[PDB]
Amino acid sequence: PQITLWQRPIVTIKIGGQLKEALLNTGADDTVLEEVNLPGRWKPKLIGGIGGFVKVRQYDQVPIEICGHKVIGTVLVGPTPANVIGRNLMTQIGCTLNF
């Protein structure tokens, strides 16, 4: 699709057998989602860095469908004010900024 930016670019995603919504965020390096139960291995990762750090669980090579596009990428799972699709997964779906 071509998504204009008059509203927040929120899309539907399928992850870990659940339907969720997340924000396509070109300002975020990484993808961070809350309340998903993923199978398979993880390691803790420290993110943010303002006021302290936030610890999340890093899952690598996670299958995820983003607005109909089935891809694979790292997903960080933990508390986040908004579910965020970062650049790491936007590259996978072939998402570009155009003007």
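All residue numbers refer to positions in the sequence shown, first residue = 1.
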request  = Identify the stretch, either 61-69 or 46-54, whose C-alpha atoms have the larger mean B-factor according to the entry.
outcome  = 46-54
task = Identify the stretch, either 23-31 or 36-44, whose C-alpha atoms have the larger mean B-factor according to the entry.
result = 36-44
key: Largest Cα B-factor, entry values, listed residues 98, 7, 2, 92   = 2
ask   = In this PDB entry, which of 77, 85, 13, 82 has the top CA B-factor?
value = 82
